[PDB]
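Colleague: Take this structure, written in structure tokens, and hold onto it; I'll ask about it next.
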Amino acid sequence: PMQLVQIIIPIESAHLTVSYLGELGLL
Amino acid sequence: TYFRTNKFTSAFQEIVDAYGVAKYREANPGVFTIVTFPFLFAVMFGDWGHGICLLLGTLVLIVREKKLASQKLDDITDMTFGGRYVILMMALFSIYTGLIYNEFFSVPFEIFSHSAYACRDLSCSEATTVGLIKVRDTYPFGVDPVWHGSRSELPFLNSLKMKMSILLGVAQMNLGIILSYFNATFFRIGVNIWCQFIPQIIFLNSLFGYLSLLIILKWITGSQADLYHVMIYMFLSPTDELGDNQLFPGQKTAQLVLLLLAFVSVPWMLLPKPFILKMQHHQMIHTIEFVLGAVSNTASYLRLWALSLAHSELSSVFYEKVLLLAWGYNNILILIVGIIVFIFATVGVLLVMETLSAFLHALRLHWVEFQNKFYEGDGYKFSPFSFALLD
Amino acid sequence: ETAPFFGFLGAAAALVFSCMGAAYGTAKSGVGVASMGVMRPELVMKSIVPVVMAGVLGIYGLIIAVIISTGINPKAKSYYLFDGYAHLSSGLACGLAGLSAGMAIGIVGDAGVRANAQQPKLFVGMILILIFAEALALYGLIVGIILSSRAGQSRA
Amino acid sequence: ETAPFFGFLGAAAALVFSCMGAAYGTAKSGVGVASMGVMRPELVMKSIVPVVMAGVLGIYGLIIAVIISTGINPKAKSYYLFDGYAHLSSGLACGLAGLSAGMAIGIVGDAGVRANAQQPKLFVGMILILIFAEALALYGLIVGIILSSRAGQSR
Amino acid sequence: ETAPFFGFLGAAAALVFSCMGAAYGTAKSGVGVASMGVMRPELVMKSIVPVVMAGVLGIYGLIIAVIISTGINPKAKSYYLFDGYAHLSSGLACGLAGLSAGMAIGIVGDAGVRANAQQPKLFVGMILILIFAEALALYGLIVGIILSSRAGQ
Amino acid sequence: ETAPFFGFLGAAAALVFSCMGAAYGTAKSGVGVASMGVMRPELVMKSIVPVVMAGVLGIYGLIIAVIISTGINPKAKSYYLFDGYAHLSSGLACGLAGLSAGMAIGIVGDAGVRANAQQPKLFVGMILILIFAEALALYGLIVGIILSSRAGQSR
Amino acid sequence: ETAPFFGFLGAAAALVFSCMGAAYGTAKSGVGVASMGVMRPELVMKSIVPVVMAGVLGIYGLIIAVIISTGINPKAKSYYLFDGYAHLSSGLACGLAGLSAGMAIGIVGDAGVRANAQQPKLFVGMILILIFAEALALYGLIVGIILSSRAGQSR
Amino acid sequence: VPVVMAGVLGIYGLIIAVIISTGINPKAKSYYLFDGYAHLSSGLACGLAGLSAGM
Amino acid sequence: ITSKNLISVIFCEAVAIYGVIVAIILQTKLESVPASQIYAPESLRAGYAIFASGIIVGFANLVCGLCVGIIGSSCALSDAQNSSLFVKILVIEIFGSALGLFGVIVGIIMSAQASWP
Amino acid sequence: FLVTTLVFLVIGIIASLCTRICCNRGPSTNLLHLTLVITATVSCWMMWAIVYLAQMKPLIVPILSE
């Protein structure tokens, strides 16, 4: 039941988002 | 895509992934297999004693998994840690399987009565007589020990086991056809589903079902001399006429009509789908694939029967060794030594060798059933950016 | 009256030839797997399959032997002369089928174990080849059963 | 007296030889398919056909053996010499033809598996060659079936 | 008496030998054709003479076997050990000759495939050689047919 | 009658074939184990399993021969061709199974000796294959037990 | 009658096969010993152990053959083919077991001598391997004893 | 030329065989076991000598 | 060289025609040999003579064919090497054909052998 | 045995009720448990049916001479 999705991460905010989503993540 | 799986579902997911993957919309029969493979393995073989002991060991491992989470496993122990729940379920099914087989701890045991099955009449006549034995009382929870486990009861029991395995394989093929129909409904083809799945299914199903119904009718009539070979004798003449042994009064003409219908359906399994595609505008692989699949189902049934016979033979050998050790030991020391040696040998043969062989054979049979059924490989797992060290 | 010697000989020969074929196939598959070792240690699951096929062939041989031995009951329906020869024919067919299946399985398993280290995506194809090979052993077992079936009628 | 016993022995030898030839062909095709799959997984799917052909030849041999077994019938006639002789001859001929065709088809498929990996075009001609090879065995099986049909030698 | 057994054995041996020889020749020719087709697939399509010769050998063997089988009519003729022994030997010799011719022709075609790959003149030369070999095989088949005709007496 | 010529021959042949096969397998395994010990003493210690398999095969063959010999009771059992035939069949089956198991065990022992230097996990896995071969040999021996038990019909 | 022919033939065959196996083992052991002595004369002293084991196995086979032969006394018991057949079977089995054991032990001893020249613990490993190989000779002796007893069991 | 001479040798052997066929009539002379064995042995010796000479 | 090989093939076809003629003669050369009278010693003598004729014919024919094949192979190689040397190759081909013809003549002479009733 | 039939049906109904009470929260989980229960019931049914079909009428009795 998956579907394609895209998320635009700001360059500065990219590190924090990556660190948060690292554990399990979705895509 | 990757489906969510519980702790028990993890082993089924691993086996299914080993058997490729499927599309996100494509149905995953891994959950169904998580019971079917135990269902076949229980039918395949099982030892009540060691199997219960193996289940207890697996349950202890599951209980201590908290430490096993900390305590890294070694090689096959790692796979065992993942598949403990599936192994426990398979052993649970094998418990009922052994209950049917009545060989508790790889040995027949009386059920309810003092003797589950005995010989009515023939008080002085030997078991090798015209009257021989009569089962006035039959074991209600399992096969009658007189009729199955006795010395000369082996051939008829093996024939019955093979006949039942044939029906089990037919049922597995029917389940695969049902799964294919379900996938087609999920596929949602307006008429292509009827053109492709319906002819590919049903045809060989009814082809084998004629023999299955013949076996049922034989069980109803109870012919003796032909044993389980009455079906072979009947099918030996694909041509018309004769058919004296036919239990159903119209079995001969109806069988000829069914043969004609199967012959007509044989092109209908292949031709309609490419014709519809050309009208809109593989089958060559599908060609002979039906016959090959039927042969494979027969092979699976024969393999199950052979595995059951081999397990029975191994149990008989172990029981004979134990009896020889016990009888020929007036002193306790000789009996103890023989019992220990027999226990070690039987454990090694059954819990390791026979268990692994039966598991592999059941896995092969389930893989064949799935390949004939659906999901056609062609897929991968969902990809999240999980921290592998953390998760 | 001398038929039971031929019957026992055929019953033994079926198992002997099946065991020989299974041993050859198993040895070939084991050598191939050990060669595939170290390079792709994760391919233990794939390497297990040919041993499973060899075990299945051996079990089929043992089943055929047990059926043949059960067929030999001189107490009722004296063996006459057709019974022993029919048992010998069934045993020979079973043993030859087992040997052929074992040799083919060993060769194919060695090839598959070699292919295991590089591009393991063909595991499905290797398993399909192994199943197609074991189909021969299944057909041989079926033929042996069919031959054993006609044994009883020969009494008259 | 014992002639139909020899006929049944020949019938079994028929299936034995057919299985041997099919196994040899299958082993050669499997080696070729392993090489092709090592080359490219795409060629692996198209390369399954020779194994199916060898299995079909083996199944044809098994069917011939089953027909021969059906031929043996005590109630049909008393102990007769010709019944064993014709059956044994048919079985031997069918088995030898099947084994030879299987070996030839195995060699051809072993060559064709390597050939197809380099160029896919020649696979069409290889298919026709394998079809002719299998058709030879089919003709041999038909010839053997003719002899089996030749059963009523006496009266 | 035992004449039908001898005749059936001879016919079976004839069929088996013809099939084996045709199989060997076909295998050699097909291996050669597959090897030659690697360079130029266009020339490979022309390389159907091996298929034609294999089919011809198989058809000749099958026809000879069918003719021999038809000769076995116990109702028409009670037959004799002499007649059965003659028919069996004649059929077996025909089958052996066909097998040898097919094997030699396939051996020639194996190199003829590479020759055709080299040039079309070598292709037509190999075609002529295979035609001569097929003529020899047909001569053997006609000899077998005449021998089967003699068995009628 | 002619039973001793058959039964004694079968009993001798079982032991002879089993010993020959086990000896060949043990020789191959010993060569591999010597190579491994030259490579590393730990591999030499690990390589003991094929020797155990060969010894088990030899013991099984000896046990089958002993059972066959104990079956010989001319004083109690009247001289029947069937009684000797059963023992001969059991001996032939045991000997053939032993020889096949010995050859397979030698091949597997060489392979596992190479694997032990290659990787400990490879040797651990190959132990399973060796156990499977031993199980096939045990199945053959068990069929031998049924063959021996069939001699009961003769008296 | 003709039973002494079979008994004497078996007695001769036992000794012949045992001698052949001992010769093969001794040749292999001598080759290994020469190689070790060329590499290291000091280590060559311990290398003679496999040769001694092979010679002991050969002598044991010869001793068993002599014991079996000595039992045959025509004046002791009247003409019975059972005793001769049993003696012949015992001789054949013992000789075949001794020959196979000698050949395998010689090969293993040469390999172990090379390994011992390589590493010291390899000597203990090869000793264990040879002890394992001795099982074939033990089984042969047991079978010979069983057949000798069956020879007296004749009645 | 030597090849032609060797072929002429085989032609002469064929002529000798033709003479033997002319004399092949068995009514004139009855040959016993000794006579047949003598003829066969002498012929075989001559044939072995001829094959060795040809090689 | 292909023409030379064609000459060799013509020699082989001549050998085959000789064999066919021998078979036709043997069909004609078959004595009366009644089905009932197939046990007389005269019939055995006729059979032995016919077998000797066949053995002398076929074996010599096969030897000549093999010799012709080897000689023709060497001759084709030489003709490919040197363009001038063709008549020499034809000489060897004619020698092989003459050997085959001699075998055929031997069979023709042996045709009259049978003495069976 | 129709009594065995009723017993098996009652056991299946009880198992279905237990599964519903356990996992009514997850409708998909409830469907999974129901499918598992159905498969187990089918397997047990087939096993018992084969066993009883064996006991329908015996072709022959056993011989166990010493």
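Each residue's number is its place along the chain shown, starting with 1.
When the header is checked for method, it gives electron microscopy, 4.3 Å.
Even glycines carry a Cβ here, placed using N, Cα and C.
Found this in Swiss-Prot, in case it helps:
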{"type": "SITE", "residues": "D:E134", "note": "site 'Essential for proton translocation'"}
{"type": "TOPO_DOM", "residues": "D:26-47", "note": "topological domain 'Cytoplasmic'"}
{"type": "TOPO_DOM", "residues": "D:69-87", "note": "topological domain 'Lumenal'"}
{"type": "TOPO_DOM", "residues": "D:110-121", "note": "topological domain 'Cytoplasmic'"}
{"type": "TRANSMEM", "residues": "D:5-25", "note": "transmembrane segment"}
{"type": "TRANSMEM", "residues": "D:48-68", "note": "transmembrane segment"}
{"type": "TRANSMEM", "residues": "D:88-109", "note": "transmembrane segment"}
{"type": "TRANSMEM", "residues": "D:122-147", "note": "transmembrane segment"}
Colleague: So, by DSSP, how many helix, strand and coil residues make up the topological domain 'Lumenal' (D:69-87)?
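Modeller: So the topological domain 'Lumenal' (D:69-87) is made up of 10 helix, 0 strand, 9 coil.
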Colleague: Sort out for me which stretch, of D:5-25, D:88-109, D:122-147, has the most Cβ pairs below 8 angstroms to the transmembrane segment (D:48-68).
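Modeller: Answer, by Cβ pair count: D:5-25.
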Colleague: How does the topological domain 'Cytoplasmic' (D:110-121) divide up by DSSP, counting helix, then strand, then coil residues?
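Modeller: Counting residues by DSSP class gives 9 helix, 0 strand, 3 coil.
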Colleague: Checking distant contacts: for the transmembrane segment (D:122-147), what same-chain residues at least six beyond its ends satisfy Cβ-Cβ under 8 A?
Modeller: 14, 46, 49-50, 53, 56-57, 60-61, 64, 67, 86-87, 89-91, 93-94, 97-98, 101-102, 104-105, 108-109, 112, 115-116
Colleague: In sequence order, which same-chain residues at least six apart have a C-beta under 8 angstroms from D:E134 (site 'Essential for proton translocation')?
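Modeller: Correct list: D:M53, D:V56, D:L57, D:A101, D:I105.
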Colleague: Sequence-remote contacts (6 or more beyond its ends) of the topological domain 'Lumenal' (D:69-87), Cβ cut-off under 8 Å?
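Modeller: Long-range Cβ neighbours of the topological domain 'Lumenal' (D:69-87): 1-8, 10-11, 147-148, 150-151, 153-154.
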Colleague: Short question: which residues 6 or more past the ends of the topological domain 'Cytoplasmic' (D:26-47) have a Cβ under 8 Å from it?
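Modeller: Counting only partners 6 or more residues beyond its ends, the topological domain 'Cytoplasmic' (D:26-47) has Cβ contacts under 8 Å with 54-55, 106-107, 109-114, 116-117, 120, 123.
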Colleague: When DSSP states are grouped into helix, strand and coil, how many residues of the topological domain 'Cytoplasmic' (D:26-47) land in each?
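Modeller: Within the topological domain 'Cytoplasmic' (D:26-47) the tally stands at 20 helix, 0 strand, 2 coil.
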Colleague: So which residues does the topological domain 'Cytoplasmic' (D:110-121) touch in its own chain, when a touch means Cβ under 8 Å and the partner is 6 or more beyond its ends?
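Modeller: Residues 28-29, 31-33, 35-36, 39-40, 43, 46-47, 50, 129-130.
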Colleague: Can you see whether DSSP assigns D:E134 (site 'Essential for proton translocation') to helix, strand or coil?
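Modeller: Reduced to three states, the DSSP call for D:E134 (site 'Essential for proton translocation') is helix.
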